[PDB]
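With the authors' numbering as the guide, the letters of the sequence shown map in order to residues 28 to 243, 292 to 1152, 1197 to 1324, 1361 to 1409.
The beta-carbon is built from N, C-alpha and C at its ideal position, and this holds for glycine as well.
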Amino acid sequence: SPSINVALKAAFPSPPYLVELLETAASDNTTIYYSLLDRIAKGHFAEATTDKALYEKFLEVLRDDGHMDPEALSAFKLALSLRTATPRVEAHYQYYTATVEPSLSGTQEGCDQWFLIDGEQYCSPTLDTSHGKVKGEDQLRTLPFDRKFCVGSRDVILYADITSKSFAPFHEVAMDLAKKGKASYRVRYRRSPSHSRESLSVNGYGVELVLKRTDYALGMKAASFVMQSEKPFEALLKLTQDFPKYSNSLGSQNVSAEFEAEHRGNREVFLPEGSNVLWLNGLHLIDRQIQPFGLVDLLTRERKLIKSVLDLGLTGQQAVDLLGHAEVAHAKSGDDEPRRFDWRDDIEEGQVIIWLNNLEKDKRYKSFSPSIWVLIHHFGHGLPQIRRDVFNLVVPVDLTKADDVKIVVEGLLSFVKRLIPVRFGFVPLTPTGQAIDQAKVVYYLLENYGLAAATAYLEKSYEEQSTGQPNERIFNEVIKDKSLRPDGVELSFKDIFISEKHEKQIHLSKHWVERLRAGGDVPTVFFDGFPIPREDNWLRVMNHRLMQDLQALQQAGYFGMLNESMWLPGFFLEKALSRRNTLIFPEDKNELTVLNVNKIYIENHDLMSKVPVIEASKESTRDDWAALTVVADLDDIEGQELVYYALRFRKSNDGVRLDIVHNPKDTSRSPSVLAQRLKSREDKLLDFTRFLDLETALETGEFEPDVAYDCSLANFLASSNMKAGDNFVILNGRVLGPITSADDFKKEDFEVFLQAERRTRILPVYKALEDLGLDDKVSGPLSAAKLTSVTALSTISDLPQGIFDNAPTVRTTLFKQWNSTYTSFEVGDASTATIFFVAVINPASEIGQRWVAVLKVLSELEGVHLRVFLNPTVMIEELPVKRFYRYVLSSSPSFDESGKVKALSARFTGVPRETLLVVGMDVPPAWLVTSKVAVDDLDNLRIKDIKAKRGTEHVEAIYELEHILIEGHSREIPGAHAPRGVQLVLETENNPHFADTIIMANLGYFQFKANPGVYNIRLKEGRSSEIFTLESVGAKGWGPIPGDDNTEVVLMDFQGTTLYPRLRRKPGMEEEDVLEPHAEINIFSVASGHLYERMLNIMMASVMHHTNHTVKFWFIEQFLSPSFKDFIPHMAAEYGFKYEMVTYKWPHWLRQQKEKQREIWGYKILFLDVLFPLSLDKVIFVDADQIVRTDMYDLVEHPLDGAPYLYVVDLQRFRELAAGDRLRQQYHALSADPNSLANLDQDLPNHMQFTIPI
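Here is the structure:
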């Protein structure tokens, strides 16, 4: 038979089978994790014979008993076949070997499950007879895979090994520990050493067999041919795998027969040619979203969202038309559009903003008429010239730094100089020390001398030097140059420290900035109310709105409502609110942190009942109803004070379902009695005249410690990601954090939150349902809070807008709009469905085959309405599908003979015999797959040749995965600029100098090479720990979040750890990290194919014999065949030189390539300086053909001076001006259009020969 046999195997060994079940079934359920850990210590699971008969017991338990529904049993089986949760188990294997062992300083007598209590080791299960001691970085770090079994005054850990039966009692020892509310418990799994080197045969991969000789109406003959073989989903794929072979059959048995000809009312109504916008229940997907491992990690949160309302009283069809609705295009189109704000200084008392423009009284604008009607009748793309104040701008300035001062000095004084009919001004910021001392001179000069002098100093300060500490002798100049016209109050001189220039103005300078929160991560600008972020580029946001203000006001003019007696600045400040609560109206207006309120109060039977609730009385209407969750620390003066103001807020509105869950600071102080102080007097709640009435009820009530209450909280706080002591106000699911004090959210802000939330989410949730037919499932605040939390997970993109490539989640209703007949059908379960893949795929596509095979496996899920379409594209001149696919994805757990863990692989029967097929690996974008188990060729897979070469038509080549990426991106504060040049050494306690990948210009790119394990990330001592400092390596989103200062990253998945750290400057120095304050000779070369390998080899032999010195080597792993890998150490000993191998990965933002040749030149010249680590300098790549007779000394010993690089790698100049990082954006501009490169490894560096030297 003619069949290549390709399997994929992970480098890391197989985890035990019982615990693979124990993590997929009990993944995130705090309850379900410790329950499946009891049936093994009972007998049920510890009874099994083989690996088949252990999974079996799980399923019937996780269905009839009360774990999971059957429309997820098959999904459990599927993830178990794909071994998805397997790397998660290797994090415990690694934490033990790299952190648990360095503390473990004793003898394992035979105490299989040695306990960890109070920094001491106890082999004995009764505790008070030790065996060892705990060292440095304590294991009591709350790692997110040893979940919280209640809480207590002392934190305890155990390392159970379930493969051994000795775990049964030792596990039960600390089961009672947390039960009686005495201590906290968590189970971290143990390395079972009795295991074999059983390889983890990974799947979720595709097998590409490209055609090198590819170049010796078809997408319509084949298109009409699937609705002719009468197998709508099974026969669609039976073309998608071997299309390059099955092209002749498209000329035999009425293959044309244009019936789907009238079915060309598809593109001219919904979507153009040559694209596949795969729909998921309402939202749009991309490539980095539609694949194997990167898709099921997204099919469960939608599942949770949907059923949330089929309990309230709806269906899966009446949920897709409810989420993909007209009113849900407000979940995103609403928060970005801001509220009006108040900036008037007359609340401070006219003492803060200082003005450059004075439009009405200016003696430079008199040329215009002072009447209002000037703007009413105005024409042109430009601005309405007038002598009256309509527009206002306020810009804060950090006087010590030169970046913000430069703006008044230039930016503002340019718009004033260029006659803009807008009033520009600013406030002298008073935050970081010195800018306060340099703000008094600004007020001294303007009140006591005039506008000239203050501005003069500012400019003349910037032009001369830029005074860090206010300069006096340059101030004497400004005095003795403009000392005339001292209006209001007269001179003081030199030492400013009086009762006004010093006092009033600086105090009220801070009063006004705090009232509208600007001083921080975002130095926020203003303009006729509405906020403006200055975290990167302010110029765009206020300028687009600038044109939109005048035509908005013109409508009021058109109607005459604008009287001649009306102040034009105080027009946009009519709605306007006092204090901008940033928690309600964020900086980044597209970022609503909402965790489904229905998902919270539903699997926590004690915590969601023992809460002092005040229902939204049935005395009032429907839209008032809302469940303001108030989770706060009532044992603190800035946590119990918000509880009483929220209570007071309920008094005013009968639409408040109040919640007062105690969030205690003190862990030994069992929460329940504090909650019982408010649950005892819950009947007559919010009937308290003063705060003192609430403060006397928290002393009277020494209740019994209900330890059952504190354990359900330990299941809620972890799920909702919450902190203790610090507070968070919630309404229908919307978190505001970190509520430092009760001043951040007074009662006069509880209404403001109800305004915006009613506006954006509350009201439209009822309107979507009113024009639908199910308006009777809005039971009180309850349903309405579940609805306003389901529709919030629709506008939350999985990927922050501006990294991978946009991914804007938009829920619309056009997916199902297309006449559904010829190329249309709905295979699978429909009305009783859970996941709704209403799809639209074209058969002529490079990855459309992969999606046909991925969605085949997702279709096999119980209750899926995978609707399928078929748009017939025509735009092709050469072969559309140049490759032979086969997707390795299985639903029912793959099981072997006596139940062993079976291998999911790929095969090609009856495949072509006279075409070379390049075996390439298309698998999630974080897999350092390398070829290691082969005998034949990568570039050469003719079937007729191997039929003789090895003796049969079969192939026994097996590829090997060895690395799971940690791809990420670095940012900066204030400006989110690129932190490039920074050197970072990712490291564990056990493995110090491990690996280092530099930050690059493309939004601070980095990607660390590692396998499942617990890591941290250092900056190497060169320049980093002097001018740059990482506050938090953002392992938890772009955010930020008050509980993620974690400079620790742990990996145990497939897609890597998407790390978004927030590196910040040390205050002071711009001074770029990219610029300065084994052997002496080395060489690298590229290779692909057994023939390419041998022509490379003779170059290595004719380069370690001609020269009298030491030469190391640096070729690239995956391209090389296993034939070559068992060859280099041989020539490295008899000749006497050194091997070593380097490799990297093209990110999801950089132009990938089709045929494996263009790929090679991408990695060769752009990926150069990052391939080799920092502990190197000179490399001498020479093409895999030449021979070096020369002494290789006058190749390293060669002056370059400005020239970075058949080349001369100088990793000192290559890091100084970052020519590799430059060639990245150089290739980005000349790869979109193939109208610039014949080749890319010798034409990209020669185009920039004058700029980037040789």
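Distance from the CA of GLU1212 to the CA of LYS382, rounded to the nearest whole angstrom, comes to 57 Å. Contact check for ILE447 against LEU625 fails: the beta carbons are separated by 8 Å or more.
For the options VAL956, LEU1372, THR1122, the alpha carbon positioned closest to that of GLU1274 is the one of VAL956. Taking 8 Å as the cut-off, the beta carbon of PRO1054 is found closer than this to the beta carbon of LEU1138.
Counting other Cβ atoms within 10 Å of its Cβ, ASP762 stays below 16 and is therefore classed as exposed. Minimum Cα-Cα distance from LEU889 among the listed residues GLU1037, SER787, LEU526, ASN356 corresponds to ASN356. The criterion of a C-beta distance shorter than 8 Å is not satisfied by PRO1400 and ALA1322. One thing to note: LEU81 has its Cβ within 8 Å of the Cβ of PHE72. Assignment of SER795 by DSSP, reduced to helix, strand and coil, places it in the helix class. When C-alpha distances from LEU63 are compared across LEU238, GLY340, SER304, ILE189, the shortest belongs to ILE189. If you draw a straight line from the Cα of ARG958 to the Cα of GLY1281, it is about 21 Å long. In the three-state scheme derived from DSSP, where H, G and I count as helix and E and B as strand, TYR518 is classed as helix. Sequence-distant partners of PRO307 (beyond 5 residues in either direction) whose C-beta falls short of 8 Å from its own C-beta, in its chain, are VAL301, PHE900, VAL902, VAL943. When the five nearest sequence neighbours on each side are left out, the beta carbons in the same chain lying within less than 7 Å of the beta carbon of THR1122 are those of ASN1091, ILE1092, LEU1105, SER1107, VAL1108, in order along the chain.
Under DSSP, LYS1257 takes part in a beta bridge, and its partners are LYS1231.
The beta strand (DSSP E) runs lying completely inside the stretch 472-558 and spanning 3 residues or more are 498-503, given in chain order.
Of the candidates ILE1021, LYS754, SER692, the residue whose Cα lies closest to the Cα of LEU773 is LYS754. With a cutoff of 8 Å on beta-carbon distance, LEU374 and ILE910 are scored as near each other. With a cut-off of 8 Å on Cβ pairs, the stretch 547-567 is not in contact with the stretch 471-489, counting fewer than three such pairs.
Per DSSP, the beta bridge partners of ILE607 are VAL600.
The C-alpha of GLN303 lies about 54 Å from the C-alpha of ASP698.
Going by DSSP, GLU1035 is part of the beta strand (DSSP E) stretching over 1033-1044. The beta carbon of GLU649 sits closer than 8 Å to the beta carbons of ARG415 from its chain, once the five residues preceding and following it are set aside; these are given in chain order. A direct Cα-Cα distance of roughly 38 Å separates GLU147 from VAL976.
For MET1311 and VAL1222, the gap between their C-alpha atoms comes out near 8 Å. Under a 10 Å Cβ-count criterion, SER747 is classified as buried, with 16 or more other Cβ atoms of the shown protein chains found around its own Cβ. Secondary structure at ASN802: strand, using DSSP grouped into helix, strand and coil. Between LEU1319 and the set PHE1369, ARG1308, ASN881, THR1309, the nearest pair of CA atoms involves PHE1369.
In the DSSP annotation of this structure, the continuous segment of the beta strand (DSSP E) that includes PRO813 starts and ends at 809-814. With respect to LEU1016, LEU992 sits close: the two C-beta atoms are nearer than 8 Å. If you keep only unbroken beta strand (DSSP E) runs of at least 3 residues inside the stretch 717-800, you get nothing at all. Counting along the chain, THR1104 sits inside the beta strand (DSSP E) bounded by residues 1103-1107. With respect to the C-alpha of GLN751, the residue from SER180, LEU682, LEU722 having the closest C-alpha is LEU682. One alpha carbon belongs to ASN638, the other to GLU423, and they sit about 29 Å apart.
Judged by beta-carbon spacing, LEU933 lies within the 8 Å limit of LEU370, meaning their Cβ atoms are closer than that value. The Cβ-Cβ distance between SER54 and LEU227 does not fall below 8 Å.
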